[PDB]
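Below is the file work_28.pdb, which contains PDB, N, CA and C atoms.
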```pdb
ATOM      1  N   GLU A  58     -14.291   1.982  -6.092
ATOM      2  CA  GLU A  58     -13.845   2.970  -5.114
ATOM      3  C   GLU A  58     -13.419   2.348  -3.790
ATOM      4  N   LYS A  59     -13.612   1.047  -3.598
ATOM      5  CA  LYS A  59     -12.894   0.292  -2.578
ATOM      6  C   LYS A  59     -11.747  -0.508  -3.164
ATOM      7  N   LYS A  60     -11.662  -0.563  -4.493
ATOM      8  CA  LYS A  60     -10.539  -1.196  -5.170
ATOM      9  C   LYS A  60      -9.420  -0.213  -5.483
ATOM     10  N   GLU A  61      -9.739   1.053  -5.766
ATOM     11  CA  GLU A  61      -8.707   2.030  -6.103
ATOM     12  C   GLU A  61      -8.256   2.821  -4.879
ATOM     13  N   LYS A  62      -9.127   2.968  -3.877
ATOM     14  CA  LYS A  62      -8.784   3.808  -2.734
ATOM     15  C   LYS A  62      -7.863   3.086  -1.763
ATOM     16  N   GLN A  63      -7.929   1.757  -1.719
ATOM     17  CA  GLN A  63      -7.042   1.011  -0.836
ATOM     18  C   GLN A  63      -5.651   0.887  -1.442
ATOM     19  N   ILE A  64      -5.576   0.689  -2.760
ATOM     20  CA  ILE A  64      -4.285   0.469  -3.406
ATOM     21  C   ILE A  64      -3.486   1.762  -3.525
ATOM     22  N   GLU A  65      -4.137   2.923  -3.408
ATOM     23  CA  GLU A  65      -3.378   4.164  -3.290
ATOM     24  C   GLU A  65      -3.002   4.424  -1.837
ATOM     25  N   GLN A  66      -3.841   3.968  -0.903
ATOM     26  CA  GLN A  66      -3.527   4.128   0.510
ATOM     27  C   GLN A  66      -2.436   3.158   0.938
ATOM     28  N   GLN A  67      -2.504   1.911   0.465
ATOM     29  CA  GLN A  67      -1.438   0.957   0.749
ATOM     30  C   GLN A  67      -0.160   1.313   0.000
ATOM     31  N   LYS A  68      -0.276   2.064  -1.098
ATOM     32  CA  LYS A  68       0.910   2.651  -1.712
ATOM     33  C   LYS A  68       1.509   3.717  -0.805
ATOM     34  N   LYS A  69       0.656   4.466  -0.104
ATOM     35  CA  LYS A  69       1.141   5.527   0.770
ATOM     36  C   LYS A  69       1.780   4.956   2.030
ATOM     37  N   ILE A  70       1.202   3.882   2.577
ATOM     38  CA  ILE A  70       1.783   3.221   3.744
ATOM     39  C   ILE A  70       3.110   2.566   3.377
ATOM     40  N   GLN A  71       3.181   1.972   2.183
ATOM     41  CA  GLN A  71       4.431   1.384   1.711
ATOM     42  C   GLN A  71       5.475   2.460   1.438
ATOM     43  N   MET A  72       5.039   3.630   0.963
ATOM     44  CA  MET A  72       5.977   4.729   0.755
ATOM     45  C   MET A  72       6.378   5.358   2.084
ATOM     46  N   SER A  73       5.483   5.323   3.076
ATOM     47  CA  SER A  73       5.807   5.887   4.384
ATOM     48  C   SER A  73       6.817   5.025   5.127
ATOM     49  N   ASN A  74       6.607   3.707   5.134
ATOM     50  CA  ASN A  74       7.504   2.813   5.858
ATOM     51  C   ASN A  74       8.863   2.719   5.175
ATOM     52  N   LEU A  75       8.893   2.848   3.847
ATOM     53  CA  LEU A  75      10.165   2.814   3.133
ATOM     54  C   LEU A  75      10.944   4.105   3.344
ATOM     55  N   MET A  76      10.239   5.234   3.436
ATOM     56  CA  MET A  76      10.911   6.499   3.711
ATOM     57  C   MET A  76      11.398   6.559   5.151
ATOM     58  N   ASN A  77      10.681   5.905   6.066
ATOM     59  CA  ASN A  77      11.086   5.915   7.467
ATOM     60  C   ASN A  77      12.311   5.040   7.689
ATOM     61  N   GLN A  78      12.346   3.866   7.057
ATOM     62  CA  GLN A  78      13.508   2.999   7.207
ATOM     63  C   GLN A  78      14.674   3.481   6.356
ATOM     64  N   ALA A  79      14.415   4.381   5.405
ATOM     65  CA  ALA A  79      15.512   5.084   4.749
ATOM     66  C   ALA A  79      16.163   6.076   5.702
ATOM     67  N   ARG A  80      15.401   6.569   6.679
ATOM     68  CA  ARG A  80      15.967   7.455   7.688
ATOM     69  C   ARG A  80      16.572   6.659   8.835
ATOM     70  N   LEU A  81      15.997   5.497   9.142
ATOM     71  CA  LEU A  81      16.468   4.735  10.293
ATOM     72  C   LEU A  81      17.695   3.903   9.943
ATOM     73  N   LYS A  82      17.968   3.717   8.652
ATOM     74  CA  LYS A  82      19.185   3.016   8.260
ATOM     75  C   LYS A  82      20.376   3.962   8.251
ATOM     76  N   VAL A  83      20.162   5.203   7.805
ATOM     77  CA  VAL A  83      21.260   6.160   7.750
ATOM     78  C   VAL A  83      21.586   6.682   9.149
ATOM     79  N   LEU A  84      20.615   6.653  10.067
ATOM     80  CA  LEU A  84      20.883   7.087  11.434
ATOM     81  C   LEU A  84      21.572   5.990  12.238
ATOM     82  N   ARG A  85      21.246   4.725  11.963
ATOM     83  CA  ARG A  85      21.994   3.636  12.580
ATOM     84  C   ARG A  85      23.377   3.494  11.963
ATOM     85  N   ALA A  86      23.544   3.927  10.710
ATOM     86  CA  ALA A  86      24.875   3.973  10.111
ATOM     87  C   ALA A  86      25.624   5.233  10.526
ATOM     88  N   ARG A  87      24.991   6.085  11.332
ATOM     89  CA  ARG A  87      25.709   7.191  11.947
ATOM     90  C   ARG A  87      26.333   6.764  13.270
ATOM     91  N   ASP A  88      25.780   5.727  13.906
ATOM     92  CA  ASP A  88      26.326   5.250  15.176
ATOM     93  C   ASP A  88      27.650   4.533  14.982
ATOM     94  N   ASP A  89      27.744   3.693  13.946
ATOM     95  CA  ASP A  89      28.924   2.846  13.794
ATOM     96  C   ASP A  89      30.157   3.651  13.396
ATOM     97  N   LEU A  90      29.954   4.873  12.900
ATOM     98  CA  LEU A  90      31.055   5.814  12.756
ATOM     99  C   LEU A  90      31.417   6.482  14.076
ATOM    100  N   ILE A  91      30.484   6.551  15.022
ATOM    101  CA  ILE A  91      30.753   7.143  16.330
ATOM    102  C   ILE A  91      31.199   6.086  17.333
ATOM    103  N   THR A  92      30.606   4.890  17.261
ATOM    104  CA  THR A  92      30.895   3.849  18.243
ATOM    105  C   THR A  92      32.302   3.288  18.056
ATOM    106  N   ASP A  93      32.737   3.117  16.803
ATOM    107  CA  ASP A  93      34.109   2.669  16.584
ATOM    108  C   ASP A  93      35.109   3.776  16.895
ATOM    109  N   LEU A  94      34.685   5.038  16.763
ATOM    110  CA  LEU A  94      35.523   6.165  17.157
ATOM    111  C   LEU A  94      35.780   6.153  18.655
ATOM    112  N   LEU A  95      34.763   5.803  19.442
ATOM    113  CA  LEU A  95      34.972   5.621  20.873
ATOM    114  C   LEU A  95      35.712   4.320  21.150
ATOM    115  N   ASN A  96      35.625   3.360  20.229
ATOM    116  CA  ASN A  96      36.386   2.125  20.375
ATOM    117  C   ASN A  96      37.840   2.329  19.969
ATOM    118  N   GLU A  97      38.074   3.109  18.909
ATOM    119  CA  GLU A  97      39.445   3.400  18.499
ATOM    120  C   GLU A  97      40.131   4.329  19.487
ATOM    121  N   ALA A  98      39.366   5.202  20.146
ATOM    122  CA  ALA A  98      39.933   6.003  21.222
ATOM    123  C   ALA A  98      40.237   5.139  22.437
ATOM    124  N   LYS A  99      39.398   4.131  22.698
ATOM    125  CA  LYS A  99      39.615   3.243  23.838
ATOM    126  C   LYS A  99      40.845   2.367  23.632
ATOM    127  N   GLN A 100      41.204   2.105  22.374
ATOM    128  CA  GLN A 100      42.470   1.442  22.084
ATOM    129  C   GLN A 100      43.647   2.336  22.453
ATOM    130  N   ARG A 101      43.553   3.625  22.123
ATOM    131  CA  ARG A 101      44.718   4.497  22.222
ATOM    132  C   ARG A 101      44.913   5.053  23.627
ATOM    133  N   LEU A 102      43.966   4.827  24.541
ATOM    134  CA  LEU A 102      44.268   5.066  25.951
ATOM    135  C   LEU A 102      45.209   4.000  26.493
ATOM    136  N   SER A 103      45.118   2.778  25.964
ATOM    137  CA  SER A 103      45.957   1.693  26.460
ATOM    138  C   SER A 103      47.403   1.869  26.019
ATOM    139  N   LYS A 104      47.627   2.603  24.928
ATOM    140  CA  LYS A 104      48.992   2.938  24.542
ATOM    141  C   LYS A 104      49.572   3.997  25.469
ATOM    142  N   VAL A 105      48.712   4.846  26.036
ATOM    143  CA  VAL A 105      49.148   5.831  27.021
ATOM    144  C   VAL A 105      49.457   5.138  28.345
ATOM    145  N   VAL A 106      48.779   4.018  28.615
ATOM    146  CA  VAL A 106      49.064   3.192  29.787
ATOM    147  C   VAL A 106      50.461   2.579  29.694
ATOM    148  N   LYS A 107      50.934   2.311  28.472
ATOM    149  CA  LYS A 107      52.200   1.610  28.274
ATOM    150  C   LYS A 107      53.397   2.471  28.672
ATOM    151  N   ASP A 108      53.548   3.641  28.053
ATOM    152  CA  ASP A 108      54.694   4.490  28.357
ATOM    153  C   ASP A 108      54.536   5.140  29.730
ATOM    154  N   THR A 109      55.384   4.709  30.661
ATOM    155  CA  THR A 109      55.252   5.039  32.072
ATOM    156  C   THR A 109      55.552   6.496  32.393
ATOM    157  N   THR A 110      56.413   7.162  31.619
ATOM    158  CA  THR A 110      56.730   8.557  31.912
ATOM    159  C   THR A 110      55.594   9.487  31.490
ATOM    160  N   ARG A 111      54.667   8.989  30.667
ATOM    161  CA  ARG A 111      53.432   9.720  30.416
ATOM    162  C   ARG A 111      52.306   9.200  31.299
ATOM    163  N   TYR A 112      52.376   7.924  31.679
ATOM    164  CA  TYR A 112      51.292   7.313  32.437
ATOM    165  C   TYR A 112      51.360   7.697  33.909
ATOM    166  N   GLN A 113      52.556   8.010  34.415
ATOM    167  CA  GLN A 113      52.669   8.337  35.832
ATOM    168  C   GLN A 113      52.460   9.824  36.079
TER     169      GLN A 113
ATOM    170  N   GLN B   6     -77.679 -13.964 -36.819
ATOM    171  CA  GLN B   6     -78.396 -12.734 -36.520
ATOM    172  C   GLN B   6     -77.377 -11.821 -35.826
ATOM    173  N   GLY B   7     -77.738 -10.561 -35.580
ATOM    174  CA  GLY B   7     -76.733  -9.565 -35.248
ATOM    175  C   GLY B   7     -76.220  -9.648 -33.819
ATOM    176  N   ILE B   8     -77.001 -10.241 -32.916
ATOM    177  CA  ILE B   8     -76.678 -10.161 -31.494
ATOM    178  C   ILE B   8     -75.641 -11.210 -31.097
ATOM    179  N   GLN B   9     -75.582 -12.326 -31.827
ATOM    180  CA  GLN B   9     -74.651 -13.386 -31.450
ATOM    181  C   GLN B   9     -73.278 -13.171 -32.078
ATOM    182  N   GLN B  10     -73.227 -12.501 -33.232
ATOM    183  CA  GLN B  10     -71.941 -12.202 -33.853
ATOM    184  C   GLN B  10     -71.251 -11.037 -33.154
ATOM    185  N   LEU B  11     -72.021 -10.233 -32.417
ATOM    186  CA  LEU B  11     -71.455  -9.095 -31.698
ATOM    187  C   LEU B  11     -70.586  -9.557 -30.535
ATOM    188  N   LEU B  12     -70.961 -10.668 -29.897
ATOM    189  CA  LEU B  12     -70.217 -11.139 -28.733
ATOM    190  C   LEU B  12     -68.922 -11.832 -29.136
ATOM    191  N   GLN B  13     -68.947 -12.616 -30.217
ATOM    192  CA  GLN B  13     -67.731 -13.299 -30.651
ATOM    193  C   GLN B  13     -66.737 -12.321 -31.268
ATOM    194  N   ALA B  14     -67.234 -11.231 -31.856
ATOM    195  CA  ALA B  14     -66.346 -10.173 -32.326
ATOM    196  C   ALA B  14     -65.859  -9.316 -31.165
ATOM    197  N   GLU B  15     -66.602  -9.315 -30.057
ATOM    198  CA  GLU B  15     -66.128  -8.687 -28.830
ATOM    199  C   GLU B  15     -65.012  -9.538 -28.235
ATOM    200  N   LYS B  16     -65.072 -10.855 -28.461
ATOM    201  CA  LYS B  16     -63.985 -11.734 -28.034
ATOM    202  C   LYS B  16     -62.738 -11.523 -28.882
ATOM    203  N   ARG B  17     -62.904 -11.022 -30.109
ATOM    204  CA  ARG B  17     -61.752 -10.593 -30.896
ATOM    205  C   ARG B  17     -61.090  -9.379 -30.257
ATOM    206  N   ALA B  18     -61.899  -8.424 -29.788
ATOM    207  CA  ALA B  18     -61.361  -7.302 -29.028
ATOM    208  C   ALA B  18     -60.891  -7.752 -27.649
ATOM    209  N   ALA B  19     -61.502  -8.812 -27.110
ATOM    210  CA  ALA B  19     -61.041  -9.367 -25.840
ATOM    211  C   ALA B  19     -59.843 -10.290 -26.042
ATOM    212  N   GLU B  20     -59.465 -10.542 -27.296
ATOM    213  CA  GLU B  20     -58.206 -11.232 -27.553
ATOM    214  C   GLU B  20     -57.073 -10.241 -27.791
ATOM    215  N   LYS B  21     -57.402  -8.987 -28.108
ATOM    216  CA  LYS B  21     -56.358  -7.985 -28.299
ATOM    217  C   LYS B  21     -56.043  -7.253 -27.001
ATOM    218  N   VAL B  22     -56.800  -7.525 -25.935
ATOM    219  CA  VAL B  22     -56.357  -7.095 -24.616
ATOM    220  C   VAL B  22     -55.346  -8.095 -24.070
ATOM    221  N   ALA B  23     -55.433  -9.360 -24.491
ATOM    222  CA  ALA B  23     -54.408 -10.344 -24.172
ATOM    223  C   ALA B  23     -53.092 -10.063 -24.882
ATOM    224  N   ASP B  24     -53.120  -9.297 -25.974
ATOM    225  CA  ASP B  24     -51.903  -8.750 -26.557
ATOM    226  C   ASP B  24     -51.491  -7.463 -25.855
ATOM    227  N   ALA B  25     -52.455  -6.740 -25.275
ATOM    228  CA  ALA B  25     -52.132  -5.519 -24.543
ATOM    229  C   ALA B  25     -51.471  -5.836 -23.207
ATOM    230  N   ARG B  26     -51.637  -7.069 -22.719
ATOM    231  CA  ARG B  26     -50.838  -7.509 -21.581
ATOM    232  C   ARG B  26     -49.562  -8.204 -22.037
ATOM    233  N   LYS B  27     -49.588  -8.847 -23.213
ATOM    234  CA  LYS B  27     -48.435  -9.626 -23.666
ATOM    235  C   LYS B  27     -47.265  -8.731 -24.057
ATOM    236  N   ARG B  28     -47.542  -7.609 -24.727
ATOM    237  CA  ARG B  28     -46.457  -6.729 -25.152
ATOM    238  C   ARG B  28     -45.949  -5.858 -24.008
ATOM    239  N   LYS B  29     -46.570  -5.955 -22.835
ATOM    240  CA  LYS B  29     -45.961  -5.511 -21.590
ATOM    241  C   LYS B  29     -45.659  -6.680 -20.660
ATOM    242  N   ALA B  30     -45.803  -7.918 -21.137
ATOM    243  CA  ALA B  30     -45.302  -9.080 -20.409
ATOM    244  C   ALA B  30     -43.919  -9.457 -20.917
ATOM    245  N   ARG B  31     -43.797  -9.711 -22.224
ATOM    246  CA  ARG B  31     -42.521 -10.107 -22.810
ATOM    247  C   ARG B  31     -41.504  -8.970 -22.756
ATOM    248  N   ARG B  32     -41.943  -7.733 -23.014
ATOM    249  CA  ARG B  32     -41.022  -6.603 -23.068
ATOM    250  C   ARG B  32     -40.536  -6.227 -21.673
ATOM    251  N   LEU B  33     -41.393  -6.421 -20.667
ATOM    252  CA  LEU B  33     -40.965  -6.306 -19.275
ATOM    253  C   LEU B  33     -39.945  -7.375 -18.911
ATOM    254  N   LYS B  34     -40.083  -8.572 -19.481
ATOM    255  CA  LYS B  34     -39.262  -9.694 -19.042
ATOM    256  C   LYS B  34     -37.954  -9.779 -19.822
ATOM    257  N   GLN B  35     -37.962  -9.383 -21.100
ATOM    258  CA  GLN B  35     -36.766  -9.578 -21.917
ATOM    259  C   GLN B  35     -35.688  -8.549 -21.587
ATOM    260  N   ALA B  36     -36.084  -7.307 -21.300
ATOM    261  CA  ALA B  36     -35.090  -6.265 -21.076
ATOM    262  C   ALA B  36     -34.831  -6.060 -19.591
ATOM    263  N   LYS B  37     -35.542  -6.802 -18.739
ATOM    264  CA  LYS B  37     -35.124  -6.927 -17.347
ATOM    265  C   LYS B  37     -33.789  -7.652 -17.258
ATOM    266  N   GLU B  38     -33.589  -8.656 -18.116
ATOM    267  CA  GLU B  38     -32.314  -9.358 -18.173
ATOM    268  C   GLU B  38     -31.286  -8.611 -19.014
ATOM    269  N   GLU B  39     -31.727  -7.727 -19.911
ATOM    270  CA  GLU B  39     -30.810  -6.810 -20.575
ATOM    271  C   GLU B  39     -30.311  -5.725 -19.636
ATOM    272  N   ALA B  40     -31.080  -5.400 -18.593
ATOM    273  CA  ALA B  40     -30.541  -4.601 -17.500
ATOM    274  C   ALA B  40     -29.538  -5.410 -16.687
ATOM    275  N   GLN B  41     -29.691  -6.738 -16.677
ATOM    276  CA  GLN B  41     -28.683  -7.595 -16.066
ATOM    277  C   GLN B  41     -27.568  -7.929 -17.049
ATOM    278  N   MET B  42     -27.719  -7.529 -18.315
ATOM    279  CA  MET B  42     -26.621  -7.649 -19.267
ATOM    280  C   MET B  42     -25.615  -6.517 -19.118
ATOM    281  N   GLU B  43     -25.933  -5.500 -18.313
ATOM    282  CA  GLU B  43     -24.974  -4.441 -18.022
ATOM    283  C   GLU B  43     -24.033  -4.824 -16.888
ATOM    284  N   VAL B  44     -24.197  -6.024 -16.326
ATOM    285  CA  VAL B  44     -23.199  -6.577 -15.415
ATOM    286  C   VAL B  44     -21.913  -6.872 -16.183
ATOM    287  N   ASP B  45     -22.051  -7.258 -17.455
ATOM    288  CA  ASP B  45     -20.910  -7.408 -18.349
ATOM    289  C   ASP B  45     -20.214  -6.084 -18.646
ATOM    290  N   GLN B  46     -20.916  -4.953 -18.532
ATOM    291  CA  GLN B  46     -20.253  -3.657 -18.633
ATOM    292  C   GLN B  46     -19.467  -3.356 -17.362
ATOM    293  N   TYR B  47     -19.869  -3.970 -16.252
ATOM    294  CA  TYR B  47     -19.090  -3.894 -15.023
ATOM    295  C   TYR B  47     -17.954  -4.909 -15.019
ATOM    296  N   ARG B  48     -18.152  -6.052 -15.679
ATOM    297  CA  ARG B  48     -17.120  -7.083 -15.702
ATOM    298  C   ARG B  48     -15.937  -6.666 -16.569
ATOM    299  N   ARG B  49     -16.164  -5.777 -17.538
ATOM    300  CA  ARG B  49     -15.040  -5.211 -18.277
ATOM    301  C   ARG B  49     -14.412  -4.052 -17.515
ATOM    302  N   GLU B  50     -15.193  -3.382 -16.661
ATOM    303  CA  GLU B  50     -14.662  -2.258 -15.894
ATOM    304  C   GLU B  50     -13.730  -2.735 -14.787
ATOM    305  N   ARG B  51     -14.070  -3.853 -14.141
ATOM    306  CA  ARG B  51     -13.214  -4.403 -13.093
ATOM    307  C   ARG B  51     -11.913  -4.948 -13.672
ATOM    308  N   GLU B  52     -11.996  -5.653 -14.804
ATOM    309  CA  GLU B  52     -10.818  -6.344 -15.319
ATOM    310  C   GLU B  52      -9.880  -5.386 -16.043
ATOM    311  N   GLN B  53     -10.392  -4.239 -16.500
ATOM    312  CA  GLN B  53      -9.512  -3.246 -17.105
ATOM    313  C   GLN B  53      -8.915  -2.334 -16.042
ATOM    314  N   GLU B  54      -9.637  -2.121 -14.942
ATOM    315  CA  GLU B  54      -9.052  -1.458 -13.787
ATOM    316  C   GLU B  54      -8.324  -2.428 -12.869
ATOM    317  N   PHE B  55      -8.369  -3.728 -13.172
ATOM    318  CA  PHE B  55      -7.416  -4.664 -12.585
ATOM    319  C   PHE B  55      -6.005  -4.373 -13.081
ATOM    320  N   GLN B  56      -5.892  -3.835 -14.300
ATOM    321  CA  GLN B  56      -4.593  -3.460 -14.848
ATOM    322  C   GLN B  56      -4.021  -2.231 -14.150
ATOM    323  N   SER B  57      -4.866  -1.244 -13.824
ATOM    324  CA  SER B  57      -4.378  -0.062 -13.118
ATOM    325  C   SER B  57      -4.006  -0.400 -11.682
ATOM    326  N   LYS B  58      -4.649  -1.421 -11.113
ATOM    327  CA  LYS B  58      -4.173  -1.983  -9.856
ATOM    328  C   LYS B  58      -2.839  -2.690 -10.051
ATOM    329  N   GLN B  59      -2.652  -3.328 -11.208
ATOM    330  CA  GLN B  59      -1.424  -4.077 -11.450
ATOM    331  C   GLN B  59      -0.279  -3.159 -11.857
TER     332      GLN B  59
END
```
Produce structure tokens that represent the structure in this file.
Amino acid sequence: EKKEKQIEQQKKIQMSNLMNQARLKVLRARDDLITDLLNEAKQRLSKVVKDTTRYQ
Amino acid sequence: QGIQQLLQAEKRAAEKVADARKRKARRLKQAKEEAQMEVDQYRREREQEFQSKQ
């Protein structure tokens, strides 16, 4: 009962940390779709800088 | 004569009290280690539940 109770508890901690990093990987993979979107928008402001009749 | 044979035959009864201690000497001692032979019933319990750990 110290051999079976720890290996089910360490199974639960291993299942908890794996479920948490399953959430923290998909949430960090939500940033790179947003951060490049702000980066791709930051590219296209510089094209507005180019054409002077829109830039002025 | 009757009085001297009574004492040596009493020593026969006084030799069967030495068996009345012996059959609670050996039997106390032999199955005390048979109670320690149930450690092997624990040694199979750990190694078969080593598999459920595995």
(message) Could you work out which residues of chain B fall inside 8 Å of chain A? Count all atoms listed in the file, and format the result as a ChimeraX atom specification.
(response) /B:54,57-58
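If you look at CA of residue 29 in chain B and atom C of residue 14 in chain B, they are 22.4 Å away from each other.
A straight line drawn from CA of residue 96 in chain A to atom N of residue 108 in chain A is 18.9 Å long.
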